[PDB]
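Heads up, the thing below is written out as structure tokens.
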Amino acid sequence: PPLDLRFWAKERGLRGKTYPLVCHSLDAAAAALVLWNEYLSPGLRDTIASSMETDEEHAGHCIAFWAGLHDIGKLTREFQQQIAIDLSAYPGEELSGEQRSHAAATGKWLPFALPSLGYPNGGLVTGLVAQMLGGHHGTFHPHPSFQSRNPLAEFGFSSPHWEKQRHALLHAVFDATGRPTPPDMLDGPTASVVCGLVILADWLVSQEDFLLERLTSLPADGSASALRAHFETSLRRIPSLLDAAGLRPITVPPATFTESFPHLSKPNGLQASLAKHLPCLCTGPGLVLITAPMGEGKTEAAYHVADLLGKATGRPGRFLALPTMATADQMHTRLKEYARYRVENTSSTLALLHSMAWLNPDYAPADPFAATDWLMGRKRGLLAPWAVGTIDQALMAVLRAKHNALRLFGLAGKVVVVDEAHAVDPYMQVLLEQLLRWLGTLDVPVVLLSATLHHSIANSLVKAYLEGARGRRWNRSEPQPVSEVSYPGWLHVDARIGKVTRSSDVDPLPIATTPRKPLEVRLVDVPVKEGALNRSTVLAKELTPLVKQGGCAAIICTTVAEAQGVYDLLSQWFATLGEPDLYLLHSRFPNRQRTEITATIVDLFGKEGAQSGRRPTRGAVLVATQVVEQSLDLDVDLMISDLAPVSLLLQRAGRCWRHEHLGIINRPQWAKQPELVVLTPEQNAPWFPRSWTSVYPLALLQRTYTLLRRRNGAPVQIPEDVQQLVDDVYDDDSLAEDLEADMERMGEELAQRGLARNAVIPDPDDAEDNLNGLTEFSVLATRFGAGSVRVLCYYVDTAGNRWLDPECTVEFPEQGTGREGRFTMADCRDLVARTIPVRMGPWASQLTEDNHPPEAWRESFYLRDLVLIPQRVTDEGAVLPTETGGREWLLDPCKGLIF
DNA sequence: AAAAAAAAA
Ligand SMILES: Nc1ncnc2c1ncn2[C@@H]1O[C@H](COP(=O)(O)OP(=O)(O)OP(=O)(O)O)[C@@H](O)[C@H]1O
Ligand SMILES: [Fe+3]
Ligand SMILES: [Fe+3]
């Protein structure tokens, strides 16, 4: 029949005009086709068409055709009546009162009209294909159940009229994408990825510019050719939409190590053995597990590994996963330059992905690889050709929430690399395994970078990759894929056969790293007052040789109020000198402050301060919480930690003479050997302050302590005794002599790993025929725990007006400085910098209205959920600690927040 | 009682 163009698909923002539903549908079908050819990785396209068991011109045409049917659900009365419309020639199909999403309806009508064209009635293919189109807005719906023999009617689709036009529309786009015949196979994992494709497509033709332009040349009627005109017009315009979005693939030409990295003069022992023995092993899709110490160039190795795996799997896309927004920021630069160096001269962006990437002004817009607008959008990030972000951005592809199959699509065409794997806790590990699981089944090649990593984990990781690859999980009988991990050393995994080639099997060197002097480890007992450590005594003793001959020392404390006491203690102790330098650094400083301290600190004690002689010849001490453990270019002559689990101590203590080998540092006399003094309480099973049992499992401290007393002051070889210490503290049972406390630890780990299984999507086997499991729940974390809120201290005079400074001269912003007083990214960036991150606890449940921000701010994503912390200021101008949610707060200039 | 991450069509 002649398909009437009165049926619309868009009304929003057209200035009273409407866009016909055929036209939106074709547009989508075009965009989906273009995508297929020009955007998707070659190796991806193959994985999909292979899983459909077909050729690609065909595969992309079926995909082209489907994607056009995504909004067919809009052809119901419930949807089209919303705006003014004359449906006098379409009686019947009266309102139900159900209010079905058009998407759902699409998923509902499709499985009983697709066989018209050749699809298996009840065929898993028809099953999957209509389910994934019905989920074209990021929620999947269950396969339609029905009791009669005429479900098209059971589901509402009952008018002969309306049903011809649904068919006309069905038929129109069938004609356009070339009447493609149904594939034989299609499964869940492929179909969710194909979902992402359709979604990206619905988005690209949904923009107002595109639409308003197409709005000037609407075909005059439903004729197969008026429509073939339009389908061809849109076919023509989509590529320029890719270019606006910075979507073109970043393609790097094959090269050696030395060619890729001209600048790097000498390859690393590790690097030489990778660049040599991997080209052969990279037969196709598979996994590389690299593991080695700090500063051993793994990033550079990684960029390379990726490229071999890149050619092997038709995958130029890049995602590099990092443990913090910080380490991501830095690495964004490292890869942007690597791209400028490597790309052939001849508009594809390179993305920064984390919550804060708007507040970076060197990234976000107001150059090739420059971030574009469109790509700045909310879930899009992972759709960029290359991209570097936090690991959380990727695990969000395997939690159960909306658009996780967009997130999957993005990850699919790329090589993916996660650094500092060792970082992840039990909760995140479980999330990762399942990502690795789903990437396994999807032919995406994977790189894992780490420092020393415990074996159980390494096993579990690659095991997950292989369970995904082959399509069946592991047996209790089946012989574990990993039994020992070598530090340093690498490891390759093949998809085709699941062969775990180690380093020791392809080459016997052993891998060369930096040579460095054995670390001293000194258990030092400490007296106890009121449950916590009084350290006054032992501090005067260990840092007396600093106050005399100079030096660089670092004191690490388990908690924040601790390292604040240990700063006061030290601070008074220099007021007596009176004429070393003294620094404090934890998580509780306003962002603005935290940065510059970090800056000063990685200048003095950093590698750039030895090379520039800026390293302080007078004594210098730093007092830190576990902030030290992440991303700090430091080097200290002496270090003194409180006990932690060994894994953390050995990384806390990687800083000591981290740049000794450069021989560009004179160490003080007293600084004989690289030393870690480790505080511990004096006893009366081993016991610890509650504040240590609170952050670390009592059992884990107790083991670590005993694992050290088992050496009696013997030194730790590096990098040779490190892996045996990380494996053993967990593995040995004989280190545990409190069993209640050591069973609590194992229970608490179950707790976390358990919660994570509840967050995650299904194992791909289980999603073989049913996508509905993917987005179904009843906000999900990428991290176990209560989390942090951000607080902003405002100051209040007795009037009391509100100020941003204790000097009460910068009025509190009731408004912004953009047009109409809206807040801006520049405005938020400024504002956010005075906010400080405070761990959720009972206090946040007792928040009065003067802790809840101005109404102007509720309209801003960054500012919306800020908690305001008042700090009263006297008439004589003094900051008093102030009541807020049942605890006294005081932002101190030199110490940070204090509650 | 640590640190760490976290409106679309
Ligand atoms: N041949 C080489 N040997 C040692 N270092 C090198 C070499 N070539 C370059 N470097 C530099 O050494 C540093 C090594 O740090 P890299 O970026 O590899 O991180 P890493 O400490 O090795 O591991 P991670 O990625 O976890 O930080 C880099 O700054 C790199 O510029
Ligand atoms: Fe839709
Ligand atoms: Fe749509």
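Identifiers for the structure tokens are assigned positionally: chains receive A, B, ... in sequence, residues are indexed from 1 per chain, and ligands are indexed from 1 in the order shown.
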List the spatial neighbours of residue 7 of chain B as a ChimeraX atom specification - criterion: any atom at most 12 Å away, only C-alpha atoms (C1' of nucleotides), same-chain residues fewer than 4 positions off excluded.
/A:377-379,861
List as a short mmCIF file (atom, residue, chain, number, x, y, z; two decimals) with N, CA, C and O atoms (P, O5', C5', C4', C3', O3' and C1' of nucleotides), in the first residue's frame the protein and nucleic acid residues near residue 4 of chain B, meaning an atom at most 10 Å away when only C-alpha atoms (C1' of nucleotides) are counted, but skip any in the same chain fewer than 2 places from it.
data_model
loop_
_atom_site.label_atom_id
_atom_site.label_comp_id
_atom_site.auth_asym_id
_atom_site.auth_seq_id
_atom_site.Cartn_x
_atom_site.Cartn_y
_atom_site.Cartn_z
N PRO A 323 43.97 3.29 37.30
CA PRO A 323 43.34 3.18 38.62
C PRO A 323 42.83 4.48 39.19
O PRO A 323 42.09 4.39 40.17
N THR A 324 43.22 5.64 38.65
CA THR A 324 42.83 6.94 39.20
C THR A 324 42.68 7.99 38.09
O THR A 324 43.23 7.80 37.01
N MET A 325 41.97 9.08 38.38
CA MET A 325 41.75 10.15 37.39
C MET A 325 43.07 10.84 37.11
O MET A 325 43.30 11.37 36.02
N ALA A 423 46.28 -3.26 41.52
CA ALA A 423 45.53 -2.29 42.30
C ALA A 423 44.16 -2.76 42.78
O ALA A 423 43.76 -2.42 43.88
N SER A 587 44.23 12.80 51.93
CA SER A 587 43.12 12.96 51.01
C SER A 587 42.23 14.16 51.35
O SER A 587 41.45 14.61 50.50
N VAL A 627 48.13 8.02 50.44
CA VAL A 627 48.21 8.80 49.21
C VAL A 627 49.57 8.61 48.56
O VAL A 627 49.72 8.80 47.36
N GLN A 630 50.21 5.80 45.53
CA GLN A 630 49.78 6.01 44.14
C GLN A 630 50.53 7.14 43.39
O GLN A 630 50.57 8.28 43.86
N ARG A 783 32.80 0.25 42.82
CA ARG A 783 33.68 0.16 43.99
C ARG A 783 32.89 -0.18 45.26
O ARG A 783 31.88 0.45 45.58
N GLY A 787 31.56 4.99 50.04
CA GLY A 787 31.92 6.07 49.14
C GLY A 787 32.19 7.40 49.82
O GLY A 787 32.05 7.54 51.04
N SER A 788 32.57 8.39 49.01
CA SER A 788 32.81 9.76 49.47
C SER A 788 31.81 10.76 48.91
O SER A 788 31.33 10.60 47.80
P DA B 2 40.64 7.72 57.96
"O5'" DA B 2 42.03 7.21 57.38
"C5'" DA B 2 42.16 5.89 56.87
"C4'" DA B 2 42.97 6.03 55.60
"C3'" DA B 2 42.34 6.98 54.61
"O3'" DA B 2 43.33 7.83 54.06
"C1'" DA B 2 42.46 4.76 53.67
#
Have a look at atom CA of residue 741 of chain A and atom CA of residue 430 of chain A and let me know their distance in Å, one decimal.
23.8 Å
Output the neighbourhood of ligand 1 as a ChimeraX atom specification, that is, all protein and nucleic acid residues with some atom at most 7 Å from the ligand, counting only C-alpha atoms (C1' of nucleotides) and all ligand atoms.
/A:264-268,294-300,419-420,450-451
I'd like the neighbourhood of segment 382-396 of chain A as a ChimeraX atom specification, where a residue qualifies if any of its atoms comes within 7 Å (using only C-alpha atoms (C1' of nucleotides)), though same-chain residues fewer than 3 positions away should be ignored.
/A:247-250,317-325,328,332,348-354,375,399,404,407,410-411,431-432,435,782 /B:5
Saved selection, atoms kept: C-alpha atoms (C1' of nucleotides), as an mmCIF file, in the first residue's frame:
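Saved as selection.cif:
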data_model
loop_
_atom_site.group_PDB
_atom_site.id
_atom_site.type_symbol
_atom_site.label_atom_id
_atom_site.label_comp_id
_atom_site.auth_asym_id
_atom_site.auth_seq_id
_atom_site.Cartn_x
_atom_site.Cartn_y
_atom_site.Cartn_z
ATOM 1 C CA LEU A 247 34.997 9.168 15.024
ATOM 2 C CA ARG A 248 37.424 8.104 12.275
ATOM 3 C CA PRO A 249 39.774 5.359 13.219
ATOM 4 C CA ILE A 250 43.267 6.184 14.442
ATOM 5 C CA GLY A 317 40.873 1.107 18.566
ATOM 6 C CA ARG A 318 42.542 1.712 21.931
ATOM 7 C CA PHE A 319 41.390 1.734 25.517
ATOM 8 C CA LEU A 320 43.963 2.127 28.302
ATOM 9 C CA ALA A 321 42.556 1.558 31.769
ATOM 10 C CA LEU A 322 43.927 3.408 34.823
ATOM 11 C CA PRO A 323 43.336 3.179 38.619
ATOM 12 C CA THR A 324 42.827 6.945 39.197
ATOM 13 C CA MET A 325 41.749 10.147 37.390
ATOM 14 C CA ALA A 328 44.765 8.692 33.585
ATOM 15 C CA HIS A 332 46.425 10.694 28.284
ATOM 16 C CA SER A 348 39.511 11.371 14.980
ATOM 17 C CA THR A 349 39.727 12.354 18.627
ATOM 18 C CA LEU A 350 41.538 10.725 21.517
ATOM 19 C CA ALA A 351 39.467 10.707 24.635
ATOM 20 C CA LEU A 352 39.956 11.300 28.327
ATOM 21 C CA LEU A 353 37.339 9.399 30.357
ATOM 22 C CA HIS A 354 36.587 9.995 34.037
ATOM 23 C CA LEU A 375 32.231 12.822 22.148
ATOM 24 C CA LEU A 399 27.239 -3.756 35.643
ATOM 25 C CA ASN A 404 25.902 -1.061 28.857
ATOM 26 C CA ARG A 407 29.735 0.560 26.423
ATOM 27 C CA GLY A 410 32.906 0.736 22.167
ATOM 28 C CA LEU A 411 35.181 -1.758 23.878
ATOM 29 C CA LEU A 431 33.800 -7.083 37.929
ATOM 30 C CA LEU A 432 36.992 -7.312 35.880
ATOM 31 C CA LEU A 435 34.645 -7.927 31.621
ATOM 32 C CA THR A 782 32.213 0.146 40.490
ATOM 33 C "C1'" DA B 5 35.754 6.512 41.239
#
Shell of 8 Å around ligand 3 (only C-alpha atoms (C1' of nucleotides) and all ligand atoms), written as a PyMOL selection string:
(chain A and resi 9+24-25+28+70-71+202-203+206) or (chain B and resi 9)
Please identify all protein, DNA and RNA residues within 9 Å of ligand 2, counting only C-alpha atoms (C1' of nucleotides) and all ligand atoms, and report them as JSON, numbers by chain.
{"A": [9, 70, 71, 72, 73, 74, 101, 102, 103, 106, 134, 135, 136, 137, 199, 202], "B": [9]}
So that I can see what lies close to residue 287 of chain A, please list as a ChimeraX atom specification the residues with an atom at most 7 Å from it, counting only C-alpha atoms (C1' of nucleotides) and leaving out residues fewer than 3 positions away in the same chain.
/A:445-447,492-494
Would you mind listing what lies within 9 Å of residue 1 of chain B as a PDB file with N, CA and C atoms, in the first residue's frame, with only C-alpha atoms (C1' of nucleotides) counted and same-chain residues fewer than 3 positions away left out?
ATOM      1  N   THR A 559      46.203   6.160  59.305  1.00  0.00           N
ATOM      2  CA  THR A 559      45.036   7.052  59.224  1.00  0.00           C
ATOM      3  C   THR A 559      45.356   8.566  59.076  1.00  0.00           C
ATOM      4  N   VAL A 560      44.315   9.380  58.952  1.00  0.00           N
ATOM      5  CA  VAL A 560      44.489  10.800  58.669  1.00  0.00           C
ATOM      6  C   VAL A 560      44.674  11.598  59.946  1.00  0.00           C
ATOM      7  N   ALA A 561      43.806  11.403  60.932  1.00  0.00           N
ATOM      8  CA  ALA A 561      44.029  12.072  62.212  1.00  0.00           C
ATOM      9  C   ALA A 561      45.372  11.673  62.827  1.00  0.00           C
ATOM     10  N   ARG A 690      42.552  -0.008  66.910  1.00  0.00           N
ATOM     11  CA  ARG A 690      41.288  -0.198  66.223  1.00  0.00           C
ATOM     12  C   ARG A 690      41.337   0.486  64.849  1.00  0.00           C
ATOM     13  N   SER A 691      41.979   1.646  64.797  1.00  0.00           N
ATOM     14  CA  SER A 691      42.069   2.420  63.570  1.00  0.00           C
ATOM     15  C   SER A 691      42.867   1.722  62.464  1.00  0.00           C
ATOM     16  N   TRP A 692      43.581   0.656  62.804  1.00  0.00           N
ATOM     17  CA  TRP A 692      44.284  -0.114  61.785  1.00  0.00           C
ATOM     18  C   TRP A 692      43.434  -1.322  61.399  1.00  0.00           C
ATOM     19  N   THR A 693      42.759  -1.905  62.388  1.00  0.00           N
ATOM     20  CA  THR A 693      41.810  -2.973  62.118  1.00  0.00           C
ATOM     21  C   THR A 693      40.664  -2.440  61.276  1.00  0.00           C
ATOM     22  N   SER A 694      40.425  -1.131  61.373  1.00  0.00           N
ATOM     23  CA  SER A 694      39.371  -0.454  60.617  1.00  0.00           C
ATOM     24  C   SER A 694      39.707  -0.278  59.142  1.00  0.00           C
ATOM     25  N   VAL A 695      40.976  -0.090  58.807  1.00  0.00           N
ATOM     26  CA  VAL A 695      41.279   0.070  57.397  1.00  0.00           C
ATOM     27  C   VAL A 695      41.862  -1.213  56.793  1.00  0.00           C
TER      28      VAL A 695
END
Going by DSSP on the backbone, which residues of segment 488-636 of chain A come out as strand (DSSP E)? List them as a ChimeraX atom specification.
/A:491-494,500-502,520-526,528-529,532-533,552-556,581-585,620-624
Top pick for closest residue to residue 53 of chain A, considering A:20, A:120, A:182, A:285 and counting only C-alpha atoms:
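Closest to residue 53 of chain A of all the choices is A:182.
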Do a neighbour search on residue 143 of chain A at 10 Å with only C-alpha atoms (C1' of nucleotides), toss out local chain neighbours closer than 5 positions, and write the hits as a list in words.
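Close residues of residue 143 of chain A: residues 107, 108, 111, 127, 128, 130, 131, 134, 769, 770, 771 and 772 of chain A.
Counting only C-alpha atoms (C1' of nucleotides), the residue from A:505, A:94, A:742, A:562 that sits nearest to chain B is A:562.
Coordinates place atom CA of residue 573 of chain A at a distance of 23.0 Å from atom CA of residue 681 of chain A.
Nearest residue to chain B, choosing from A:186, A:359, A:129, A:428 and counting only C-alpha atoms (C1' of nucleotides): A:428.
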Run DSSP on the backbone and tell me which residues of segment 103-328 of chain A come out as alpha helix (DSSP H); list them as a ChimeraX atom specification.
/A:103-109,124-133,151-154,160-176,188-204,208-214,224-244,257-260,269-281,298-312,325-328
Would you kindly return, as a PyMOL selection string, each protein, DNA or RNA residue with an atom no farther than 8 Å from any atom of residue 610 of chain A, considering only C-alpha atoms (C1' of nucleotides) and excluding same-chain residues fewer than 6 positions away?
chain A and resi 604+664-665
Pick out the closest residue to residue 6 of chain B from this set: A:785, A:510, A:870, A:286. Count only C-alpha atoms (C1' of nucleotides).
A:785
